[PDB]
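Heads up: the structure comes next, in structure tokens.
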Amino acid sequence: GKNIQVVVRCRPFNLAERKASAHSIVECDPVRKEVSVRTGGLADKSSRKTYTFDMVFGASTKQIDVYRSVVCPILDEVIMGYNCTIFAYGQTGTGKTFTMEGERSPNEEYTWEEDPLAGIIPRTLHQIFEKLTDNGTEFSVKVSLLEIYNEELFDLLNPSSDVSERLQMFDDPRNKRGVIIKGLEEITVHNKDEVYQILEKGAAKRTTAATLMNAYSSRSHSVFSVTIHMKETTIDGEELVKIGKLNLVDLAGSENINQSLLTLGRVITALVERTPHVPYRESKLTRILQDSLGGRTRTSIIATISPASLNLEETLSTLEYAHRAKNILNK
Ligand SMILES: Nc1ncnc2c1ncn2[C@@H]1O[C@H](COP(=O)(O)OP(=O)(O)O)[C@@H](O)[C@H]1O
Ligand SMILES: CCN(CC)C(=O)c1c(NC(=O)c2cccs2)sc2c1CC(C)(C)CC2
Ligand SMILES: [Mg+2]
């Protein structure tokens, strides 16, 4: 099979932390794939805790670094017609949204496709067209955005319906690890020049959900899906009907009421201790993502952490949680 791949990304210090002359309690060694955490009191004499992962990215890591090393190869596996999922897990403030979506460079310096602050989602969407136009390709791309807040479901892309309309989920008669979500719109991305405006209506729906729901950005989970239908007409006339799906999953903040977050953890524990009963059905998140958790999807986790000492307790919690998950076997 294939173990879940787990990478760590430490955010850099911000303006205020630099101004307070903050010293990092985290040391990342990408060559050894190690993160070392200062856990005791002192700085010239110190107990430390180290963890090995599949990859480690320190505070210096840029969006392009993450894209080249992590996204690209997974996108290739999607294009070869397989299912893949990437989770972002970590405490609020550590760069889950930064990693998955990214931000705009200030002062209108760049356009969306060349912005260095762009995260996984736009980079993926751009590259799918850039690579698939390049070869002989009859292909189609569809996106959806399903969000979970308090075990209720929301479509954050659909220009027709408004965000406050809850959706309903049902089991899928013709798919065992699968569900049907009534009212979730899949949107056809016809070409690379439709991408941004589709994202923009999403960004607007996000603001309304934040107005409607308490701490929505921290307590919600989003599942951004992109589906590629391929019948590549290369240069021979060949065409094999392959379908690839990519779920980009921005989890609710892990910091110490959230049934989906509680159930993800118990599912992970069941899977790693190989308990016969895995409680998938105990939350919306784990039903929707059942195949990503010990199923037939290639799954990666990006665990985000802080360099600051103030965050020590939550950083260790994140590291231990993520480390456990390396033992999950997928197919
Ligand atoms: N790798 C990074 N590089 C630069 N800034 C970052 C990084 N990770 C997080 N940040 C910053 O930290 C703050 C919180 O990041 P955000 O993506 O909102 O985290 P989360 O979604 O996990 O709460 C933002 O100001 C963001 O710019
Ligand atoms: C600038 C605001 N934007 C882009 C519309 C985003 O916040 C955003 C994303 N950002 C981006 O697409 C980019 C950042 C920098 C260059 S392009 S990806 C994404 C959203 C919102 C969402 C609800 C549609 C989910 C996926
Ligand atoms: Mg966030």
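In what follows, residues are counted from 1 in the order of the sequence shown. What you see below is based on every heavy atom in this structure, not just the backbone, and it leaves out hydrogens, waters and symmetry mates. In each ligand, atom 1 is the first atom listed, and ligand 1 is the first ligand listed.
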Scan the side chains in residues 65-84 for donor-acceptor partners under 3.5 Å anywhere in the protein, sequence neighbours excluded, and list what turns up.
| unit_1 | atom_1 | unit_2 | atom_2 | d |
| --- | --- | --- | --- | --- |
| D65 | OD2 | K62 | N | 2.9 |
| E77 | OE1 | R298 | NH1 | 3.1 |
| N83 | OD1 | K245 | N | 3.4 |

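- Side chain to side chain, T211 and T208 fail the donor-acceptor criterion of an N or O pair below 3.5 Å.
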Exercise. Could you go step by step and tell me if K205 and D162 meet the salt bridge (charged side-chain N to carboxylate O under 4.0 Å, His left out) rule?
Worked result: CA-CA 8 Å; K205 281 192 145 209; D162 76 301; over 6 Å; no
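- With respect to atom 6 (C) of ligand 2, the closest heavy atom belonging to the protein is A203 CB, 4.3 Å.
- Linking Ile, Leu, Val, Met, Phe, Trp and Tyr whenever their side-chain heavy atoms come within less than 4.5 Å leaves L251 and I120 in two separate clusters.
- Counted by atom type alone, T97 and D250 present one or more donor-acceptor pairs between their side chains at under 3.5 Å.
- Taking the charged nitrogens against the carboxylate oxygens, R281 and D171 do have a contact shorter than 4.0 Å, which makes a salt bridge.
- Contact residues of ligand 1 (protein heavy atom closer than 4.0 angstrom to a ligand atom; sorted by chain and number): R9, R11, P12, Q91, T92, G93, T94, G95, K96, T97, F98, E103.
- Relative ring orientation between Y196 and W112 is described as parallel, the plane-to-plane angle staying below 30° on a 0-90° scale split at 30° and 60°.
- Of the candidates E101, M100, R104, it is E101 that places a heavy atom closest to atom 9 (C) of ligand 2.
- In terms of protein heavy-atom proximity, atom 26 (C) of ligand 2 is nearest to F224 CE1, 3.6 Å.
- At least one heavy atom of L145 lies less than 4.0 angstrom from ligand 2.
- Checked against the 6.0 Å centroid threshold, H229 and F139 do not count as a close aromatic pair.
- For atom 13 (C) of ligand 2, the closest heavy atom belonging to the protein is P122 CG, 3.7 Å.
- Below 4.0 Å from some heavy atom of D115 lie the following atoms of ligand 2, by number and element: 16 (C).
- For the side-chain hydrogen bond (donor to acceptor under 3.5 Å, both in side chains) with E255, the lone residue among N311, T92, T94, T318 that qualifies is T92.
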For this session: For side-chain contact (heavy atoms from CB on, under 4.5 Å), just list the numbers for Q5 and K326, CA-CA rounded to whole Å, side-chain angles, deciding distance to a tenth of an Å, and then say yes or no.
Result: CA-CA 6 Å; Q5 294 176 312; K326 292 170 72 208; over 6 Å; no
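- In this structure, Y110 has no heavy atom closer than 4.0 Å to ligand 2.
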Problem set entry | Stepwise salt bridge (charged side-chain N to carboxylate O under 4.0 Å, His left out) test for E151 and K284 | CA-CA 6 Å; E151 297 301 281; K284 308 290 168 79; 5.3 Å; no
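- Given atom 24 (C) of ligand 2, the protein heavy atom at minimum distance is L199 O, 3.3 Å.
- For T52 and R32, the side-chain atoms include no donor-acceptor pair closer than 3.5 Å.
- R11 and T304 share no side-chain donor-acceptor pair at under 3.5 Å.
- The tally of protein N/O/S atoms under 2.8 Å from the Mg ion (ligand 3) stands at 1.
- Interface of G202 with ligand 2, defined as ligand atoms under 4.0 Å from a residue heavy atom, comprises 23 (C), 24 (C).
- Side-chain contact between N158 and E165 is absent, with no heavy-atom pair separated by less than 4.5 Å.
- In summary, the atoms of ligand 2 found under 4.0 Å from a heavy atom of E200, numbered by their order in the structure, are 5 (C).
- Applying the 4.0 Å criterion to heavy atoms of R206 picks out, from ligand 2, the atoms 23 (C), 25 (C).
- The closest protein non-hydrogen atom to atom 15 (C) of ligand 2 is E103 O, 2.9 Å.
- You'll find the side chain of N107 stays beyond 4.5 Å of the side chain of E109, heavy atoms only.
- Interface of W112 with ligand 2, defined as ligand atoms under 4.0 Å from a residue heavy atom, comprises 16 (C), 17 (S).
- Taking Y216 as the reference, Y149 meet the ring-ring contact (aromatic ring centres under 6.0 Å, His included) condition, with sequence neighbours excluded.
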